[PDB]
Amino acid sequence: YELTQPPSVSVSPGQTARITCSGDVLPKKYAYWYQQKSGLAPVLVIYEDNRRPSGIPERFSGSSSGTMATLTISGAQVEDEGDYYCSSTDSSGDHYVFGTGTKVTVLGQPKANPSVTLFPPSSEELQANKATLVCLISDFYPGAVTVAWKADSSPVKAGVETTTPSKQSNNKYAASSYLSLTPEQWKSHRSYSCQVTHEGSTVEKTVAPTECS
């Protein structure tokens, strides 16, 4: 049993966002709606098609007719971004399923250029016969970046490990990239650079093995 949801719905601030949920036995069974925001347990926002739990804002409402249930967020705000799942039982009533899930995006949020913080290998790590460069990217929006590494003036891909971007609490995004080197590699280049490209512009930070501050 599948409860079909649109993968994405976008809404402008103050507008009404609608998330649908289609299933063959919704005519006989109640729908429930869960909100899951970054890194947290789901929260019940609507139950039994159209009832609202205490403490849930009045701008959340639900309805269900035929084989489709709908969650409505009136006057959507930035804090309403997240993943929304409907839920209901199959025909037997012995099993629940969650719907395929909908990511709600609120449009019009301010663009934010990435902060890039680049650390060379610590002397402690080098004295342990290892070396890691750490490039930390925070507070950017929208949440897509590309990260490239250079040694002197040549691209480097070997030893690079980069995360996907993840939504911070303040609704901007963060990511990190690591370049693992031997101490010999580290000392044998004039510098290394981490290049972060975001919305067509690039912030590049450089470090050098002669810099001991």
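The first residue of the shown sequence is 1; numbering continues from there.
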- Query: Looking at the entry, does 175-183 or 58-66 show the higher mean C-alpha B-factor?
  - Reply: 58-66
- Message: When the Cα temperature factors in the entry are averaged, is it 28-36 or 164-172 that ends up higher?
- Response: 164-172
- Message: According to the Cα B-factor stored in this entry, which of the following is highest: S138, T89, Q109, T132?
- Response: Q109
- If you compare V78, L118, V104, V97, which has the highest Cα B-factor in the entry? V78
- If you rank every modelled residue in this chain by C-alpha B factor, which third holds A158: lowest, middle or highest? highest
- Once the chain's modelled residues are ordered by C-alpha B factor and cut into thirds, is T4 in the lowest, middle or highest one? middle
- Message: Test of reading the entry: by CA B factor among the chain's modelled residues, which third contains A144?
- Response: highest
- Chain-wide C-alpha B factor ranking for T16, given as lowest, middle or highest third: highest
